[PDB]
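Here the structure comes first, spelled out in structure tokens, and everything after it is commentary.
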Amino acid sequence: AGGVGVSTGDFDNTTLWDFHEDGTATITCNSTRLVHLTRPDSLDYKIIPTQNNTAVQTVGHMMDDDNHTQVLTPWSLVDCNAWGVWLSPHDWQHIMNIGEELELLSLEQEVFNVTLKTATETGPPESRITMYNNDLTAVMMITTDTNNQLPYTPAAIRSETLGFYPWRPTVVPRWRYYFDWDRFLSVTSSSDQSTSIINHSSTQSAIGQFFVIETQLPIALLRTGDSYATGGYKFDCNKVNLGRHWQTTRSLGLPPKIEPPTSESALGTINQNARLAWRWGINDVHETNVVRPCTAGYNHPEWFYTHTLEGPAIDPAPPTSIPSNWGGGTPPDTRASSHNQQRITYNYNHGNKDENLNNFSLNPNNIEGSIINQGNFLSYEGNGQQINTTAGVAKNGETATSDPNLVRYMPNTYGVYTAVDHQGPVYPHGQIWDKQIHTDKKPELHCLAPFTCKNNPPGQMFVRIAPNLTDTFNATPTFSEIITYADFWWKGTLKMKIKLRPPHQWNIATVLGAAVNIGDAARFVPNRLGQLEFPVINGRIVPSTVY
Amino acid sequence: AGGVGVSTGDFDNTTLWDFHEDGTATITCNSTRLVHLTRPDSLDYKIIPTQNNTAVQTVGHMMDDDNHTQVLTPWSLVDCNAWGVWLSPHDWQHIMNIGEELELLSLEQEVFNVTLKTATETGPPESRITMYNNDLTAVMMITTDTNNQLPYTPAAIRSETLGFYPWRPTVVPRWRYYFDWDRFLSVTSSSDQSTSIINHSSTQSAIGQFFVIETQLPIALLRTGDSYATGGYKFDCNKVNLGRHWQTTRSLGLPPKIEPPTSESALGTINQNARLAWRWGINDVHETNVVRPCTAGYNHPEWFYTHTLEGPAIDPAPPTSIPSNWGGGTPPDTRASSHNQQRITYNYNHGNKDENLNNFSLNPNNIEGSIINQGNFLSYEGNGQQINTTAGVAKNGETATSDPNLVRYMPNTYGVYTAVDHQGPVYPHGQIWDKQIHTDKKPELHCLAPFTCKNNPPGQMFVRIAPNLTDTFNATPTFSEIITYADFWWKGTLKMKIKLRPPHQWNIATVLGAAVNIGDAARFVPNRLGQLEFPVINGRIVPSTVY
Amino acid sequence: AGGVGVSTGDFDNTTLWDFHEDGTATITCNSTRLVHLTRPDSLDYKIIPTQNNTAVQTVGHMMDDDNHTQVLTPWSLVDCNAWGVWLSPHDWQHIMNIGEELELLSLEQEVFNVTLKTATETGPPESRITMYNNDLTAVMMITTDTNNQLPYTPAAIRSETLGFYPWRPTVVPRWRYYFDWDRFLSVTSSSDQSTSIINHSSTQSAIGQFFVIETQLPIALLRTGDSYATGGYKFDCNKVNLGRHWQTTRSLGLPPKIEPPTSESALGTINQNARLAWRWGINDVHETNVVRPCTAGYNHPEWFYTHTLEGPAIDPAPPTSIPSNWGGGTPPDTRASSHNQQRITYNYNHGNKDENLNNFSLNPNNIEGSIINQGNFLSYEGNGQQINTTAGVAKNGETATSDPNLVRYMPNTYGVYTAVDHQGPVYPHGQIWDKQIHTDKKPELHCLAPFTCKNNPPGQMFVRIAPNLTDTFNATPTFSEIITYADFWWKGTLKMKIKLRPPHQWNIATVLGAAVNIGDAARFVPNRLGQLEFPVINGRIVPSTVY
């Protein structure tokens, strides 16, 4: 509640830890940034189809298809769904190291200190200078979508979120959403000809839904002395496990009875006739046969692109760990990308060191569901006889080297016994929460965000600069204006609950330290010139038993 | 409560709409028909095996196998589970147009005005005439199965339901159920020989269960003045979504940052280095790569017949939309039936125009889970390099044209990220509700009925004519009788709740109108001669956002 | 209640639907726009006569007479009486599709965020630049006319209403009213000479009434922090029927007794001696003779221009449907405009696609009162004898081809038995309400607006910019000023009640859909370049029985 020269709101980027008697803590992490808003290019909405030329015009690249249809709005999106907005590299270490599981509690946010200004270039065409002046009666438009009537676009994907540096100002993107279209692109190989390609794209204007912010939801017109607050929100969603499960399918159970070695250089051995009980098939009991409570993880066709009614698209399995340094004894033959891995491309605003673009490919440390793909093999019989993959009188199976398509590349072993893990949070760039799709069958996991809202997610927040007109305006498709921009302050608070992990074991545990695992430590702190980069860190570190 | 000349019950086929303050309505739709019952052929039960000759005796047709074992009862089934029993073409339009979701509430039914009669042919063998007389002390037998001890046979499949014309009388079928058998039929191609076929069918009389209506459940003997009522029933089941989701996997999310076109004939373009954040694999961010909340729909082996311990049978995926008119730019190569489609064969009683048989193949308008099958392709690496399908030093994947069996015909991409939709109600012929199978793992959807009873479904209802004997009866396997038939009135009431869809968008929505979409409008209304046909209409029409 | 940097009021363009237990709903549709006001040209009032030259100076065109007298005020009119201000194309569809009748409830409106500014051109005459600055102590003048002392000018005619685009700013016109004059223009044909024309126009300054806003009604002087509100208003007027009556005079009643056809290609026939009862005149009973409850619609002289004491003017009958595509079998001979039709000319502000002007001629779908004019004929006797139109011993009548003037062009059949319908609402351009003329005999309908206020209508609203003076002012007829303009926000809320139509019939009804009836669907949604047009739609669509 202030005027021209009275400020609203304050800057709090701190974090807090409130411990409780029952062995849990509450983490209050609040964040505040200065945002730079700029006027839209056109007053109205646009439905514009787009495509990538090199994908449709060359035979082999159908995986490059960008062809779609979207609608631009004269509105900008204020989104903080990434981790790196809320908490620092030290906060991440501290949560992962002592944490067992965490859950979301509440979210609230507001804007204040709006301060619009105008820019006017003057002088001769040789020396042109712009002057800046507060326009005190100018208005900025702001609204939040509650009841979630608009399409839901998370901005953590595509890296549009508020910036990660607490001491720098930030930019917002312009909001947009898809509009219905039809697409078909034929499959072609490095053989044949480009005149054989058929691409079909048509925007469907009868079926599509066209939303406008103005008629959907109410808007607050706010001048310099005004502020806007959402009022508070309460999450309802699943808890997230912070421990890494080292166990695989093969490590679940009671291990067999063995004879211990007498010498330090020696191996244990399993005596024949010490092999007893349950297994799958007809064979002696071996570590491969043993009946176990469930299978961990599953095979999935990779990488397999599915052609929807609009465009090709990819069907992933959850991401899993890739063996990194196995001292020679590696999987000899591996592909460019192996276990469902994910990459991110980000820029300076999101924690790159400089104005260039940076790329990072994630390798999770989750060991459980991971499948070395070259070692799969099929056996027509369980009998435990030597495998013969040559075509003839004795053909008892096939191996991933024999028919790679059938075994290595396109198995699907999903079934009733399978159990999988979400790859967990990813810092700074990961998405915190996501709404659930509205369908008869729901998914069992989401591809990125660890949290899934059971009820409606927190509503999306939009801003724009109201038009500022000269004296000659007649209502016409095009008209002169006054160049105007706004800089406002954003503040938000996210509350989470964490339970503390008690010491579970005798030997010393592996935690998240400095100078080796993450990298050179000097690379994450400021420079002589003031430069640093945000460490890209994995969500789960301290091991735990899954069964 | 009436005698010989006092009627019981009344005719109400009307529908009602009761609106509520909270934006929902109650739909009371009740239906009444005159049913013609005829005496059974044999007094007793029969366990009769059957087969189709042309399937076992020719090499290539194993998909024609009709071979099974059933038991005939001297009882008829009164079933109204189809939509077309309850409500008119205008009621269907009105529900779909303004409706958002609907749920079932209650069901009740009764029979009245029983009126049995006898028929006796007399006269010379040249001119033979039959006379008709009320037999006032004759009895009709009626019972309903509550507690659901008998096998559950829905009659909407096989088209045995009460007729769809409000102004015509109806027929009931004779009730029957399966009895255990063993079956094996070997697979043979258009090559080789018919002496190579081996068909095995044996009814198993030790294991099978044999039910008789008389000893399972109590029966009401009712004369002309008598009536019978079930007493009312209350559904517990899932709600059904009435909107069509236009979105696919590829339309879910925030669309990319693009450069808008300057000209009306022009396309948007995605600038390099404007490509940021999350995706699957190692490549630049493209519409195919982008990480999305979930995958919509899944690949499934089609059409794949599985051989159970009795007979072959087919494993479907849910039905989805087939691209119809795409202006040339179609999927070039498509099969006789493509996306899990379903057909129905029906007759005059169920809304055909005349005494012939009619066939209709359903095409749903649900766009979401549909998969154009010819566009699938596999990539051994995510690197985004040109695809090479020729065998040699560089083989980076395969396409649906390269190995159609592996890619097009027999993929299974089901997994943790998948989400699907039920194809929704179908009018007039669709099944309204279904009981759930009693198993450790339940299904996630049912193949036809939109509603799944959590508790026991409404009990099935049976009728028969009691035997009417001449004077010479001694208890013997075969005996003379008096020819007798009954005509009774059936009445039922189904209550449903619907929530009203508020206007969600700016542009004009697509609703269900006349004269174009359905067809010629003159074809659905009576003729000079009194003839009409029931429009076959899809359940969901007004689009909505799934995410 | 705010100052320089404190905003007043908020932006709400949303619509709402509140359903009720009795089967009606309340529609709250509120609208908000940014208005650009500019300073008047002259401080004072003007009484200026005008004329069109080409009408008085050429023989044949007396229908082009523009000659009148008006008075300009230094005031602008803020009017929202058009439909297209309040609600979107989807709202229109939704009301017409499920609505039966609607009535008006209340109206309220206010202005806020006034922000005046000044413009000053500076620099050399080669490069002249204007600068813009807030003048914080400047005042805008605003008043509303309650008690309705001023002449009532609806602005929906002449297309002066606030614009139809929710996301664009708007312009207001300058208010003006008629001042008494005398006019006579002689009738002349394409024959004779222009020296025979006599035009007489004299403004009458003794009789005429001269109103000034300043002395009639009080005015509020408001600066930037000020706002103005009218306080609310309550309609009292007639209800409006939303259904289209398909029936004509000839379809009202019990149809005759006929013999049905045996064949599908065949026609029913009316047996002689099956013709019984009431009719008009002496003849057998035919569909033309039958006594009916009333006559629907009436003949009227068209097009007939009446010369008032000032100028010629036209006497319309209500507009009715024109047969469009009748497959050949059309009315062979039709005029440029046939059944009392109406056109509208509108510009970009009111929903044209671009800066050009657009024209649309309305064809109502109301079938009832429409009269095909070429088929009228007169019979001197009712006897049913063959009509003879040749002059001689047997002349029993005349036909529209025989004497078109007497029969086709100048009949008036209005009388005691006649019944007519208003053509209903028209979107976006139609007028919502109108005040009733103050006379001994009132009209039975109004030409455009569906609603007629019984009490006083809502008062008209006026704005102007107060004069902003330089330092040299002495009171003189002409003086220097400071160039000043204002941009204010307008907000209003209109409440309506609608009753919901229950399903009335068996066959599928015709509703308002997309892609065919209205036109190309892509034409009503934004473009690649952001362009769209407002569909011009008719008020009544779902048929209903008038009797």
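Labels used: A, B, ... for chains in the order of the structure tokens, numbers from 1 for residues in each chain, and numbers from 1 for ligands as shown.
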DSSP-assigned strand (DSSP E or B) among region 69-142 of chain B, expressed as a PyMOL selection string: chain B and resi 69-78+82+99-112+116-122+129-134+140-142
Would you list the contacts of region 499-512 of chain B as a PyMOL selection string, taking every protein, DNA or RNA residue within 8 Å and counting only C-alpha atoms, but skipping same-chain residues closer than 5 positions in sequence? (chain A and resi 149+206-207+209-212+215-216) or (chain B and resi 23-25+93+96-102+517+541-543) or (chain C and resi 17+88-91+93-94+511-514+524-525)
Considering only C-alpha atoms, return as an MDAnalysis selection string whatever protein or nucleic-acid residues lie within 7 Å of residue 386 (chain B), sequence-local ones (same chain, fewer than 2 positions apart) excluded. (chainID A and resid 60:61 190) or (chainID B and resid 384 388)
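Compared by their closest atoms to residue 165 (chain B), and using only C-alpha atoms, the residues B:13, B:342, B:431, B:396 rank with B:13 nearest.
In this structure, CA of residue 353 (chain A) sits 18.6 Å away from CA of residue 430 (chain A).
Between CA of residue 160 (chain C) and CA of residue 453 (chain C) the separation is 21.1 Å.
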Give me, as a PyMOL selection string, the residues of chain A touching chain B, with the criterion being at most 6 Å (counting only C-alpha atoms). chain A and resi 49-50+60-61+64+66+153+157-159+177+186-187+189-190+200+210-211+303-308+313+335-337+341-346+437-447
Shell of 12 Å around residue 123 (chain C), only C-alpha atoms, local chain residues under 4 positions omitted, as a PyMOL selection string: (chain A and resi 122-124) or (chain C and resi 127-131)
Pairwise distance, CA of residue 456 (chain A) with CA of residue 425 (chain A), equals 21.3 Å
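Within region 95-321 of chain A, the backbone-based DSSP assignment of helix (DSSP H, G or I) covers residues 95, 96, 97, 98, 157, 158, 159, 194, 195, 196, 213, 214, 215, 216, 249, 250 and 251 of chain A.
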